[PDB]
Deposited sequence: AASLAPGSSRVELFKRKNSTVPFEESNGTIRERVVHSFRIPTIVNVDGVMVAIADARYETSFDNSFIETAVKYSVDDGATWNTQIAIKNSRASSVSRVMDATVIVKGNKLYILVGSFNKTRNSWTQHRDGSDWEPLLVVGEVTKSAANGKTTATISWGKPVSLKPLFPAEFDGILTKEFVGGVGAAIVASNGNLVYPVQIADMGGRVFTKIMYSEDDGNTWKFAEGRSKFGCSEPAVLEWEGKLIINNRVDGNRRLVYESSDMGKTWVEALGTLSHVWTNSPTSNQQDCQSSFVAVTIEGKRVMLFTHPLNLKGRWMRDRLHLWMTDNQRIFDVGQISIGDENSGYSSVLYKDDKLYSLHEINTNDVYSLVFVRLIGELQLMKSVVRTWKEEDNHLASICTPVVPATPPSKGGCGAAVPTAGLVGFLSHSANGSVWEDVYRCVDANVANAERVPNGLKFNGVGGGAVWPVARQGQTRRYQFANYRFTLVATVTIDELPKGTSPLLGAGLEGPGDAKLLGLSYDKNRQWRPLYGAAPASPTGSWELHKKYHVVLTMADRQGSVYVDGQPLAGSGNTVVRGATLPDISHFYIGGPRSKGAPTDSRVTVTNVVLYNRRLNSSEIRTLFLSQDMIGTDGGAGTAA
């Protein structure tokens, strides 16, 4: 949906210049105080109690102003709420502030880490030293009661404890200045560790991220050895299949995502899955924004949810908040959860008792409220998509493939299967069976499990960089396998394209691909190498084509055997390639008026290089995988 979906709705929960908080005076008296702006939302579930956490920016929405940490909590899924100030600021000056709450729930405890500042008027990364700052950890305890039918809850907040004595003065060379949590909901790892992703500023103002974790429920804390590149901030972390996945804010460039299998000791950029997929605006050169990144189980399948504005207006406007759902292979855009063209901002998502919610910013004139959203239409779509993913994976994995010399052979590969183009299509769209990235079609006619091309630019474009802002097939620049069943229907005049990966840039360079020629020979394309002919094919005969690329090496297989010239380097330099799209047939909107008379069916895309057993299995099961 292009806006909050039919069936969903929201309320303004923390209302700018309206909702009050129980401000505690120095003398201990409480006064209901109006709050200019509420920012930096997090919503979590603590033993059945929704707890919403926010910066209460009392006087202005500016970062360096008088701020305290507010909490609203509900025992009836948002029907009613109680309000508190969980963490007070130091009251040292007119701009004293506790801000940027990062939260972990473990049992009936909430662990909140905030940055506390006394008097600075400038931005944290630019301070002369860390003398105005303390990282404060606060523990809240949620207690539920039951009085003749009615359930109520209380939350007690402990005294803040400064973690400044535990912050090293240096990291491998780097002289430290300050750190804050990554903002939003953090995690308890499967081993019980409290895991905060942190953002650290060095003396010069460079920012980078790290994991800070505790093995003893916050009694002690350790900074793990790994770190992000410089320029990463506001990290969000979740645990996936035994690894921490750290998703970073990157002002002015695409978002970096890292994985660590050893509690943050070693970080590896997620080039094969999520790194550089998301970004800060269509042109990637704008201020970025915080994102929520949470693992949940929907319809029996573990998935990750990610929120971020499209920010088409740029700077801090942060219009058009979207929610994506991924299983680390496919990436589905659930849609826009903010309304129309409104400015949004920081966000949080919660899945609780089979209902989905969001708490996020709305901004008019830099006065901010937080809306509490019931994502009813969105959850319905998510469940449908997860059912599609499970049904197709289970179907493929259950195919009885032919036995090979060494009941059934090996399973049709489903691990890392990202996209599949098969029977469903129309005149302009070839549908991804996995519902994420369709291919665009021209001059085509439907055939079982695919399309027959006839006319100028007859073919399909499966966009890679051409997806635009959110690059869900960015993994292909690091590795991929592309598979298809093909027939050549008419001889070409000279050479004509069939299947491949095109590159952005001058001319019409290809990374890896296959063409065919008037002599009935194949013409594999291995990067920039002169594409000489090899082998032999016949008109009207079906052939299986597999292109593999990993470790900068490319191979082209026909009928399960590599063509001459395979197995060499196809990308030179150290710079990742920038694939524009996969082409199927001879699509084009300009240049030579290519017209490849071929029929292509069952196009499969994987985010890894399939092994020999897998390639053979696909070659032997071509008549078995189609959607019909």
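- Going by the record, the unmodelled stretches of the deposited sequence, in order, are 407 to 412, 635 to 641.
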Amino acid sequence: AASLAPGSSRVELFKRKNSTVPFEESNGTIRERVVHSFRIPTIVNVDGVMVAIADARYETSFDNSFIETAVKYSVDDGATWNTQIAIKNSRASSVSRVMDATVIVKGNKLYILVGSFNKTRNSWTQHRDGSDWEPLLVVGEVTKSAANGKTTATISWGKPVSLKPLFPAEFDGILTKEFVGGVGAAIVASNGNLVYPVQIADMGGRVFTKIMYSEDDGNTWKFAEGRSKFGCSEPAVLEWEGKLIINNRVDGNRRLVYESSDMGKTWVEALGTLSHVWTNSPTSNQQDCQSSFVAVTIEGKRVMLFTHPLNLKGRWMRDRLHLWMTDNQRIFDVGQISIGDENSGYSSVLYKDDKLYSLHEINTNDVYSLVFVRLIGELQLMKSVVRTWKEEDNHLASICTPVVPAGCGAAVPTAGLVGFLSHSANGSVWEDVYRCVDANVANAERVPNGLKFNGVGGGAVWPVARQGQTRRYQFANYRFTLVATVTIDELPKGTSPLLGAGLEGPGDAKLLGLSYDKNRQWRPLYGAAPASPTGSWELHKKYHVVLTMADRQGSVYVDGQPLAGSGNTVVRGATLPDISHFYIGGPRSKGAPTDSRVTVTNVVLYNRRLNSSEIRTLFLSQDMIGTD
From here on, numbers count along this sequence of modelled residues.
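- Averaged over their C-alpha atoms, the temperature factors of 13 to 21 and 609 to 617 are higher for 13 to 21.
- A summary of the deposited B-factors shows that, of 205 to 213 and 116 to 124, the stretch with the larger mean C-alpha value is 116 to 124.
- Between the residues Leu421, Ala79, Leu499, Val437, it is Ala79 that shows the highest Cα B-factor in the PDB record.
- Within the selection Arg249, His544, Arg330, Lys159, the deposited Cα B-factor values reach their highest point at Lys159.
- In the PDB entry, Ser145 places in the highest third of its chain by CA B-factor.
- When the modelled residues of the chain are ordered by C-alpha B-factor, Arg255 sits in the lowest third.
- Among the modelled residues of its chain, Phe38 has a C-alpha B-factor that falls in the middle third according to the deposited record.
- Ranked within its chain, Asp341 lands in the highest third, by CA B factor from the PDB record.
- Split the chain's modelled residues into thirds by C-alpha temperature factor. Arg31 is in the highest one.
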